[PDB]
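The structure appears right after this line, and notes come after that.
Every residue, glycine as well, gets a Cβ built from its backbone with ideal geometry; the counts of neighbours run over all protein chains shown. Please treat every number below as a calculation from the coordinates, not as lab data.
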């Protein structure tokens, strides 16, 4: 088990209830590269942090997941945990 | 065999719980073309999206089932799902 | 997918509690184009801004949804942040 | 089978949570004509409006249930929804 | 749907706190014609102007609502917005 | 079955929050006649008006409940609503 | 319901602050008929004129309430205003 | 088969899970006359109302079951619906 | 259960709101006998008069609560309120 | 079997959640005598009054459970409920 | 964001508590450009200078708001502070 | 088990929602020695005092929780309640 | 707990709104002993005498707080109230 | 985490309610360099000082947040506590 599955989940556990749903809604419209699908919306409106992390690390690998979450956090206004996430992923 | 069984799938996979029950409840009252039966009341209120797609593609053919769900989608006001679904259907 | 969902949300994120209440109340009587239903009252009076975005998108696409929100905002007095909304939607 | 499945859904979906419970509790004492029984209390006290439509159409025929709901609404003070639904049902 | 809902809410938006509660209290004793109930008191003393518009149009018909509000406003002394209200509603 | 179900109904929604809590607190101390126990306190501090009616009618007779509510009602000061409750229940 | 609720409030708006609280304080010591309670002090020490009228209606009906306010207003010196008050109430 | 199997069961469907839970909990402590055992603890705490009635009528005959249910409902606070139960049982 | 719950009650709504904070501030400091604890301070800063009565009856029985209320009420110099309260309580 | 099973029963529905939660929290810290374990940490924080009653009676003796509940109730300040329950248990 | 929202702010806190009232009422009669609504009275007659600036910038354009404020302040007679604020605005 | 479970919890419900907010706010900022992790804020900003004590004892033993609470409470100025806190701790 | 809570209370009873303002403002500059913080400005500038006593005893020892109060009243030249307060506090 | 979490908090409770609102108002227009977004306005104008600092850290990092707060506090006029906070920041 790569440590990346952990260094990402700790990021979501400091996000409040009012903002995590904003995050997950924003996830529906984030840009995607070629060869990668999107999580279905019907299941989308159901996860908490841990199982959402599970499906992100499943459909997306550790790397592209890391950068996509970093970018989307930077988009929504928070770059602070984005910075430490960047540091943890890059090293 | 037309891949529409997957189109109806991700069409149903992108929609949540409070509206899928509305979907099936409306399916009990939508008009049906001749030569076609209606799904029995006994079990219908229990199966998931997967089994729903399975039965609709079994009893009804791909075009008829797809257009039926499509009309139901415009019935609830959901056209964006219906639009991409019809896009997948006609071509 | 279209970045309109990404754009529109910012408008509702910059309104007070009573402002969005007036918004949703006026939404019940706005004119509608042919073939478009209206969101039911019992639901709309409970969800927040982002959920309201989700349902308006599910009912109205990027173009019609954007224009109708712009019309409502121009009706209620905000022509300015609606101005950047319509500017972003156009390009 | 009667189309009344939709209008009754249309009525229940635009009414708030505080008044749907008023509806269901008032259903316990509305007069009932011959040949019909009254819905058990315990089951209804947790189930939603659409399933309520389901059982009321099951035990009571669509027309009778329609005027029953209309009588409850004019009893509880809602007139315009009652009028629109009775217009849909009568013709 | 009828534009009269807006013609009521916009009129009530220029009423001050002592004005609106005096309006609401006199509403408890205004004469009512046959076939129409009265708003319950306990909840009435809590919700705001827009909520009040919703309830009055729910209990009373948008036309009938227009005349009853016009009557009560003329009764309480303010004749200006009564005039603009009747002008807007009549056509 | 007796209309005491909705006869008492309008009684609670014509009195607002600060006195309905007084109502239930009085209920903890009003004397009870033989063969009937007192409602558990933990549930009373959480039920609303409708749940209050449901519990009191379930545990106390529609008649006996009518006299109980009337007595506690004019005991706390309100005789008028107790007035039409007297009128409706006893006739 | 009786017009008295309107016929009473008309007394309180033509009189300014120092005498309304004098009426207020005299209310604590006025004689009461049997079977009638008195407004709680700390509760009464907060409302305005219209809420005071509502409280008077809550404990006292149109007849006894109007009579007692008329008697007190006569007692406190202002004789004419009680004049048109009793004129409106008697017929 | 006696119709008492149906008679008793009508009591269960108007009792939701909470009072159902206290009912089944008290069942482990209700008084027992000679010649009668008690329902096993393991099967009790998970089983639905219909099967509760089934083992009620198997372990205990129609009469003993009738009075034990009447007594336990009276103990838990419901004597009205228990009242019609006992009225049906005696005649 | 003693009517002191009703008795103590009417004392708190006959005292001004500016006083009740001084009331509770003294209550969190008055001497107590053995075997009885003191109210959690943070909660009493948010309870109302009714909730204050509820808590004092919950921790202290009707009697001891009566003497403590009398002692604190005479301590602040309020002679009339203390006299009427003790007259109600002692007999 | 011992009727304290019922007594401790209504020792809990007379109190609501926010004191129930601190009660069950202190149950993790109440003194334990020899031969008795403690309720497991994982499950304890999840069930309602009835279920925790079941577990405490299974783990602990009716006399032992009753006395420990009395002690912890005295610890949290509720004295009169403790007194009546201990009166029931002793005789 | 334009400094015009700020540029009005400092120009307003040197306006005494009485003349902001006449300023507010005068705002209800100022000429308005087409496509622009008028600020609601019920709100406007209650906020301070800060919130008045907030809603005037929201409803009216920052350039438009600045010029209209300069015009109206010139209308009442003040030329010095009006001159400095307009000088700050245009350049 | 150490009695600090109570000795901490009692320090919290005797202070209102305002100060516990800055308490929990500083908790994610106070220094930690090595080997001890920090409670996530995402769950933190929605818990009560009880759950706060629970997680503090979970992550940190009774002693370390005791001194951290004492020191942070000193930081926010409360020296006396914290005073009996250490008085309980060392002895 | 110390009676110093009560005395300081009526140490403030004869202070006018103007002198208590001078009191609190000079409390912002009085020297303090080590181990004690300074009162937050925004909070003090809105609290009353009672809340001021609450905060000062919360942060400063009853002995320490009483000595500081004696000192500050001595600073302003207030001799009589300071003398009686210090006489009460010392013994 | 950097201590600046409280080094900003202490700068907020020492200023009154009348000026924190115009502080957050000015925050709506502060200059921002690239990579830094602006807090949504609607949610902004409802938070307190603590939540204000929370999103100050959430949107902007420690040094950036501290310097922007220093600049804005210099801009609004207060020079003393601004110097205090900046002195706390740099060293």
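Computed values, structure above
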{"item": "Theoretical ellipticity at 222 nm over chain L - DSSP helices of four or more residues, -39500 (n - 2.57) apiece, nearest 500", "result": "-17500 deg cm²/dmol"}
{"item": "Fluctuation leader among J:67, J:34, J:18 - chain J, Gaussian network, Cα springs under 10 angstrom", "result": "J:34"}
{"item": "Residue J:63 paired with residue M:1, simple spin-label distance in nm, labels 7 Å along Cα-to-beta-carbon", "result": "4.0"}
{"item": "Quarter of the Cα convex hull surface for segment D:1-74, i.e. its orientation-mean projected area (nm²)", "result": "4.8"}
{"item": "Spin-label pair residue G:72/residue C:16, simplified geometry with 7 Å Cα→Cβ offset, distance in nm", "result": "3.7"}
{"item": "Test item: F:9-17 mean partner chain Cβ contacts at 10 Å", "result": "6"}
{"item": "Chain D Cβ-axis minimum, rotational copy B, residue and distance in Å", "result": "D:46, 11"}
{"item": "Neighbouring partner chain Cβ atoms per residue of E:34-41, average, 10 Å criterion", "result": "5"}
{"item": "Length-normalised contact order of chain H in % [C-alpha pairs under 8 Å, at least 6 apart]", "result": "36"}
{"item": "Rh by Kirkwood over Cα pairs, then Stokes-Einstein D for the protein assembly as shown at 1.567 mPa s and 4 °C, µm²/s", "result": "36"}
